[PDB]
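One chain is shown next in structure tokens, namely the form deposited in one PDB entry.
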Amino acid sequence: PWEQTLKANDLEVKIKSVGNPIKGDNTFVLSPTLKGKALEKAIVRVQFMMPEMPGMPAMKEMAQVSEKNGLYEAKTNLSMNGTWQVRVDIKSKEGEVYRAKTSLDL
């Protein structure tokens, strides 16, 4: 199952697909940590984007994010195969802002 660990100094964000990523409805779980400590009650946004291509417009999907105790479930529908750019935006409960990027080659 697809997973990437994103590192930005003291910020680590593991993002893992729940099951294998598919065309259709997808669930990913993100575990953002600062010096290994879970970021709870954070604003977590996850965007999946495909640039414009022959026969299709640029596509942007914002995931629906829910938290349980520092684990964030990001639900999205990926309507087609191909490369999706993944952008993770985090505002901690303390107000610090972080961004991290990866990619999903579906």
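What we label the rigid core is the largest C-alpha set whose atoms superpose within 1.5 Å from one form to the other. All residue numbers refer to positions in the sequence shown, first residue = 1. Residues that one form lacks are left out of the comparison.
Absent from the display: the form deposited in another entry. The rest refers to it.
Following rigid core alignment, is the displacement of the residue 6 C-alpha between the shown form and the other one equal to or greater than 2 angstroms?
No.
Comparing between the shown form and the other one on the rigid core: C-alpha of residue 56 shifted by 2 Å or more?
Residue 56: C-alpha displaced by 2 Å or more between the shown form and the other one.
Could you point out the stretches of 3 or more consecutive residues whose C-alpha atoms all move by 2 Å or more between the shown form and the other one when the rigid core is superposed?
Runs with every C-alpha shifted by at least 2 Å: 8-10, 52-57.
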